[PDB]
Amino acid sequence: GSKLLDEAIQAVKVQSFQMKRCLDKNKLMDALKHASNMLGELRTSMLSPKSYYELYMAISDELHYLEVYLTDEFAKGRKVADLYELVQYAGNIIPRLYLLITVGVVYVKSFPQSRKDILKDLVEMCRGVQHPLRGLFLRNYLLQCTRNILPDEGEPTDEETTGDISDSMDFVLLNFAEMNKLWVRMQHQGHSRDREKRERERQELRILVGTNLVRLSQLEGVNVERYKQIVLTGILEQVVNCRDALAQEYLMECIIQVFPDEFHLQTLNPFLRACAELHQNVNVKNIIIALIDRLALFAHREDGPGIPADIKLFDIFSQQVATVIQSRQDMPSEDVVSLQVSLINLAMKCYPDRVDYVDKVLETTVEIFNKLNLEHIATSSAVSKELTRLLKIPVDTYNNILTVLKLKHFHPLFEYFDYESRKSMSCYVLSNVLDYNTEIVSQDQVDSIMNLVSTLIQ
């Protein structure tokens, strides 16, 4: 039908009209009774996640008019006594807690002494709402109201305030843990034949859980050592133990995106050990590639520190990607090779000077193809697509194409191609050595040019 959604937003507008009416007259308890009535509409189970999201956004806008009314009223000396207590009289819990969160943040601004206790309270009292959808949105409304007022390091030095960065990290990590719980819970509610619909519904709501990780990175006081010891520790605990592929895949990529590259370098071995622990249905390849891609862009960015010499990227990634693929049960051959592609790409962008690394990827790629007892690999096959794309990177990226001819294991990979692809790939490399002019060739590289012609003709 989708009438429900409209009927609800009608009733919202009716009650939020009479809300602001009472706010103009300074009839506060009459205002909050309509605020409660408005918030009554968030108690529904009939609305889908998309419909409900729209209804939440509507009601969130109206609550903001009430929030600012209170904030100003309190700031001009005319503070309402026992308002924190009073809103808790509401019989239904959803209205009660949205109102409690609203009144809460006002109290934090107006009474800095009570900040630690109130934040710690608001996050803990949300345990009331066990329903996945409504609880997710409640705990999201908690996170957004509190955005500005959480403890941090670059703060006003008012020495009657309470709570530090450690309380902020516990606050958000707890709300995170609870929101991920509710979101994984969604997988098992309802009837068993709507498994594809649920996973579509859960996907829509991934942003709500992800906001916690975002909120943690926005804390100025989260330095690299707090990230190492508290925040990533906090997150990885939830991620590996949730035993849910959708959540694992989303959140691991969400980490990569949200925190800076400074932190990623100091936490590589923990992150990649986590990748190996994920659910089999998780696309581990996409996590590792995305991480490598972010570190590539960090190497080329000047007016920045670059990569430390003590952090041996290639030695870490080569060794871990290997260990990750070991932990997979049935990884496609095409995927293994897509990682060899990005390992080259890592070595090229993070160590241009070190050609020996590029050849060690290729040597290890040969070992992969040699170890895999492989049937003749067609050009239509996906493995060939990737080995084509692998080999084109040294050719297309390097300045001097003579330097590619000095790679020892570049040519042995041609053995595993199709007849059709040997002819095309040999043509492509030789075609580039003419498109840019040739200097005199050294002993090793005269050998390579003839080997490229022998595969072309035969």
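Start at 1 and count along the sequence shown; that's the residue number.
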Entry-level comparison of average CA B-factors, 121 to 129 and 350 to 358, reporting the higher stretch = 350 to 358
13 to 21 set against 433 to 441, stretch whose average Cα temperature factor tops the other in the entry = 433 to 441
query = Between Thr233, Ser381, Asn148, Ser318, where does the Cα B-factor run highest in the record?
reply = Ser381
task = Check the PDB entry and point out which of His300, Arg328, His279, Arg134 has the largest C-alpha temperature factor.
result = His300
request  = Rank-wise, by C-alpha B-factor, drop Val284 into the lowest, middle or highest third of its chain.
outcome  = middle
For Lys50, the third of its chain into which the C-alpha B factor falls = middle
note = For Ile393, the third of its chain by CA B-factor is the highest
request  = Place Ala81 in the lowest, middle or highest third of its chain's C-alpha B-factors, as listed in the PDB entry.
outcome  = middle
key: Third of the chain's Cα B-factor distribution that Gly221 belongs to, per the entry   = lowest
